[PDB]
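Notes for the one structure printed next.
Heads up: numbering here begins at 1 and tracks the sequence. Just so it is clear, the values below take in all heavy atoms, side chains as well, and ignore hydrogens, waters and symmetry mates. When a ligand or atom number is given, it counts from 1 through the structure's own listing order.
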Amino acid sequence: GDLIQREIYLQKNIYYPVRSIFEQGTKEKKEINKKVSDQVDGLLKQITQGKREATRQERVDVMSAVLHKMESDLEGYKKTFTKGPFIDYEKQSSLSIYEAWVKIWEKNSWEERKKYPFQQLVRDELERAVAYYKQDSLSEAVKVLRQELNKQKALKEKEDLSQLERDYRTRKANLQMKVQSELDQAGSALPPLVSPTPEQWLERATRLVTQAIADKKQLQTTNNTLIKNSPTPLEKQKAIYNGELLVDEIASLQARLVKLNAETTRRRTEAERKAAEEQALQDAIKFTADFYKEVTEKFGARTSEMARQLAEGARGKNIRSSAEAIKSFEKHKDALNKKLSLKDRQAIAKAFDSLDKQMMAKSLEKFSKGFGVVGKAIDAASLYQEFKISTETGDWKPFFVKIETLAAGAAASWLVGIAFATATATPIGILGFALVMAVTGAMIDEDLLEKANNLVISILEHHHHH
Ligand SMILES: [Zn+2]
Ligand SMILES: [Zn+2]
Ligand SMILES: [Zn+2]
Ligand SMILES: [Zn+2]
Ligand SMILES: [Zn+2]
Ligand SMILES: [Zn+2]
Ligand SMILES: [Zn+2]
Ligand SMILES: [Zn+2]
């Protein structure tokens, strides 16, 4: 009724309660950030037990947990406030609030009003006034916590990137050794090789490097997609780094492949040279076999058989001493001087003078190879001259001395090569070739001298007369 009653009602039921709500509301908003910060720290101190400082992850985890609880309370208070219209309590008169409340109440029916009195609505509206200031302070508390949480997340991300850079630099440094270890790992899958030639293990190493290049290039195409479709900068930087590492590895592998290709070529060439050495040996054996045939063609069966027996009888023997040779040759000598004419001596001496040194040297290397005796140094012209002097004079003692000196400690077969090399480079004739074999034979074996000595005499079907 009375205007005093109305003023008492407005003060008691609207102004005095709302003002308290607003006072408590502002008190909470002033202390919320401090209380939120202290719950985070107090909880972090519980996890660590004040023995160590909390990790960035531990900080992010607690702050997120607290924020999720604050956001759910915010939604709750924001739902209650939502149920009615917006009244900015602090800026309204007690009459403004009253008329707003009356309008809300009037929305009901008369029967509704009997079950829900105005005083009941007043109670509900004051609960909604608390809800309004609760959601307002909580909205600010959430904005601050979300900003601090985000900063922490950013710091963590920066820290993760620093360790990613650290892992990369270390890996980058250990490049050469890493590729070697990777190739070995690939190599373990492979079965054992027995007595491998260098060309065999080079082929296997070339296969590992080639496949490692092929696989690393396939990983690079895959990694380019990983960079393009990255969900976070951390996952992108991981891919950027791995991609850099992959190019470094491929280049290391390619450098290795170049060396392998070069070495393989060196090995192949070497094997071709070795194979050409075995062919030269077989061609030397062919040349020795052909020499006997050619001798048969030009001098007949008996001279060739005498050359063949000279070569076979020298096998595994060494050269005798000049004294031995002089003694053996002096024994059978008398007949030779008497049955050998001056014209003969001159014909044999002349042949030796016409001797071709180049073809002689080439034949001696082939015969020496065929007999499997080492290549020996000789001044051929010196040797032949002494042979010629020895043919012209009756004296062979200075010949034997020259051969012993020239070939002391050598195989008897080398002398045979010298004998044979002479027949191929000189117009020596059947007689000269037989005397050469006789002289060579005295330096090897007594029975080889006797056999050749018989051939010389037998060859002397010359017309020696008046
Ligand atoms: Zn306000
Ligand atoms: Zn690697
Ligand atoms: Zn070949
Ligand atoms: Zn022929
Ligand atoms: Zn004898
Ligand atoms: Zn004669
Ligand atoms: Zn005659
Ligand atoms: Zn006579």
May I ask you to establish whether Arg113 and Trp110 are in a cation-pi arrangement, using a distance under 6.0 Å from NZ or CZ to the six-membered ring centre and at most 45° from the ring axis?
yes
CZ of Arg204: more than 12 outside heavy atoms within 6.0 angstrom?
yes
Check: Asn454 side chain, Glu450 main-chain N or O, donor-acceptor pair, under 3.5 Å
yes
Atom nearest to the Zn ion (ligand 8) - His466, N, O or S atoms considered:
ND1
By atom name, which N, O or S atom of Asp88 is the nearest to the Zn ion (ligand 1)?
OD1
Near the Zn ion (ligand 1), is there an N/O/S atom from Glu90 that is less than 2.8 Å away?
yes
Can you tell me how the ring of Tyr384 sits relative to the ring of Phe352, calling it parallel under 30°, perpendicular over 60° and tilted otherwise?
parallel
